[PDB]
Every structure is written in structure tokens, then in C-alpha cells.
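Just one chain follows, in the form deposited in one PDB entry, and it is written as C-alpha cells.
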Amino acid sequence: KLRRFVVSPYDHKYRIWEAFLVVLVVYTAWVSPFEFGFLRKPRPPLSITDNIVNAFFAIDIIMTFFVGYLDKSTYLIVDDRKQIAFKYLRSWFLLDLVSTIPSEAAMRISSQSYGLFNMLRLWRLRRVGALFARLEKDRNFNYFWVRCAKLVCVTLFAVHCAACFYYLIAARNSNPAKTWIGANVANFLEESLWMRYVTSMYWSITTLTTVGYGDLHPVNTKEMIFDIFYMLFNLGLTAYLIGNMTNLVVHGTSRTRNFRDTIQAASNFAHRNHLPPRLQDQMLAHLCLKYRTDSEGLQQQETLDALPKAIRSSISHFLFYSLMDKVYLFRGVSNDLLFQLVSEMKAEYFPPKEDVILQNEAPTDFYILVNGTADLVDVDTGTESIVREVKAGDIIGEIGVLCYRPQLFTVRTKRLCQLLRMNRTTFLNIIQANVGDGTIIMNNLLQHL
């Protein structure tokens, strides 16, 4: 793993520190543009908060000599100090060093640079792009609310960034009475710093959303030229938003458009072939139940069945071995016979009051219940003489399949059940290959008494 006293790329405290470094980077996205357009020299409320953020980013850049990294040509986790150090000093060392310099110290170098110096603090905005790539290749995060939250952040950052540039064009003017803001409120240089920001954001949003009331428009030619490039940029930006919002609606209404496309087919099918008014309802019940059952991960065979037979045999073994072992028939049969008996066994669901086995039928299959219940009703001259009821983890149809005689009792569900089905041919094959069938028939005649 690692040397004494050192740090790793996936370690928890490192991901937690890094998420707090992303909230600090979202606070310098708001503050860096605002100190460039709206302020000239460090004022108290931010002169200390930005130094706090600077100390935190200095702590981070000095902790990056003690952090692992991962090659994309070897994929080995390189954790040797004299090598991560050089890869840090490769590209992002002094770029991340200028991005944390106390601006009060850049003032003594020169005035006129405060707003422009703290504008390269937007270099520490690569972290948001990193986080947004990681969250959207990750699969624990909904791709809808991870991509749709990136188009909210770059739209709120263009609106905010253009609102501080367009105000700085007006604040740096001479005779601030023919400006965009100095034309509506003449005395705008003595106003609450929150009113200036509100009326700049207002213009930005009207223009970005193409409402364009008409109050707050360009007045000079310097502002017209800015506005020509902002509306060019906005036109391109909104086209791409509308594109991304269709890529997230047609891929969002698939699993419902595929269902009414099935109940429709199941009605044309029953219409062509003239099914009596007893099979169409059964078909529709089993197709519905399928949507609820496979809306969850309880049922999936469209793609889970495209796996190999050595993968789908580990899954169906892990899910049902504990169940298959607790059946009276296969008491002490073997170690592998149970494995291949549970390997080729197809699980199915059944709606309530849906008899899986009719009396006097031809004994094709036998089922093993997994969950739910049912009752062994028999049809006689006096019908509806319900005798017993099975539970989860029991086997039905066994006497007509191991002796080849018509089924004697009809089992009818009374709850959404899940059974395991095995044909007569398959079972007879896999047990005909072996010797342990003596134990099976002995358990059978033991059950009979």
C-alpha cells in the first residue's frame, strides 16, 4: 500500500477535503467576478474571507506532494514522493500558486491590478469540471440530475459573469449619465451595492432569455459592441441548452412508451385470433404484473439472459440453493445434482387466483414455491372442497410427474407468488444420468406415509 505518513487518491478524508475545496471554488466563482466589476480596493467583509479561502487552497497545494496518482499507461498507483512531486511541478504548480496570493500583497506590487489579479483565481475552477466528469461517469448518481445540474451552473455563471462585465463598462465611463444604468437611475454611483447588482442581473437575465423588455439597453457604442458578443454567445449557448433538454426527454419516456406498446399488441393479437373472453384477460393480467414485477429488479430477462451459462448459473445458484436444499424430496441426494437441478430452473410469477396446475391435466411440469402461498383445491361433483394450503419453500405437482399420472389437486394462488418451474423431460434427463434417484423415490414414498 503506502509508506509511513502519506496519502492516497481514493482515501475518504481526501474525497471529503476535496468536496469542501469544491464549495470554496463555487464561492470564488461568485466573488472573483464581483470584485472585478463592482469593487476597486479590498473592502473589509471580503478582504478577510478571501484570505481564508486562500489559506485553505494553500493548505491544499502543499498537501499535493503527499497524494498518490494513477497512470493512464500503466494503471499502477504511483505513491513515491520523488515522482508525484515532479508530476505536480509538471503543469499545475505555479498556476495554482498565483491563484492563492493575498491580494493585499499584490496591491503593494501595483495598484490598478486588484480586480484583474483576483480574476485569475478563476483558475481554481478546473475542480468543478473534474467533479462534473467524475459524477457523470459514476453510476451511483442519476445522470439526469447530474448533467441537468451542469447546465444550471454554466448558465448561472454566464449570467453573473456578463452582469459584472457590463457594469464595469458603465462604472469605468466618463460622464456616467449616458450609460446603460446611468440612463435609468442617474445617481447610480451612490446606491446600495446590492441594488447595482440586482439591476445588472436583471439586464443579464432579460437579455440572456431573449425577453428584452427594453429598459436597460446599451447606450454607447462600447456597450453595443459588448452586447453584440454577449448575444452571439447567448444565441449559441441557448441552442445547446435546448439540444441537451431533448436528449434528456426522449431518453426519459422510454420505459412507459414501451408498455402501452405491449398492451396494444396484446389486444390486436387477441382480436385477430378471436380469443374467448377468458384468455385475453389472463394474458393482460400476466403482462401487467410483468410491468410492476420488472419495474423493480425482481424480474429481468430481456438482457440478463444474454449472459453466459456459467454466469447465469452462479446467480440462480446463489439465489435459490438455500431454498432448493430445504425440500423434502432432495434430502441427501448429492453435492452436484442439486447444483445442476437448480441451475436449469426458470423462475416465474403468478397473479392472485391464477391456478398454475389444473386437475386432470397432463403432468408436464412441477413447481417449487419461493414466496407467496396457494391452496390445493380439488374439483369434484361437490366442487370447491379446498384441502390444505402450501407455503413458501414447498413443491407441487410432484406426484403426477414422478409417476406420470394426471394431476390430482388443482393449486390456485391467493397472492402474488414466485415459483421455480422444471419440465418433466429436463428433470428426468438429469436424474436418469445419476444413481441418487433411489433416494428421491424413497423420500417420495416416505412422504406418502
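Definition used throughout: the rigid core is the maximal C-alpha set that superposes within 1.5 Å between two forms. Numbers for residues come from their place in the sequence shown, where the first is 1.
The same protein also has a form deposited in another entry, omitted here; what follows describes it.
Shift analysis on the rigid core between the shown form and the other one singles out 352 from 352, 243, 102, 129 (C-alpha displacement of 2 Å or more). In the core-superposed comparison between the shown form and the other one, residue 211 has its Cα shifted by less than 2 Å. In the core-superposed comparison between the shown form and the other one, the C-alpha atom of residue 151 has shifted by less than 2 angstroms. After superposing the rigid core, the Cα of residue 26 is displaced by less than 2 Å between the shown form and the other one.
Closer approach of the C-alpha atoms of residue 303 and residue 134, by 3 angstroms or more, is seen in the other entry than in the present form.
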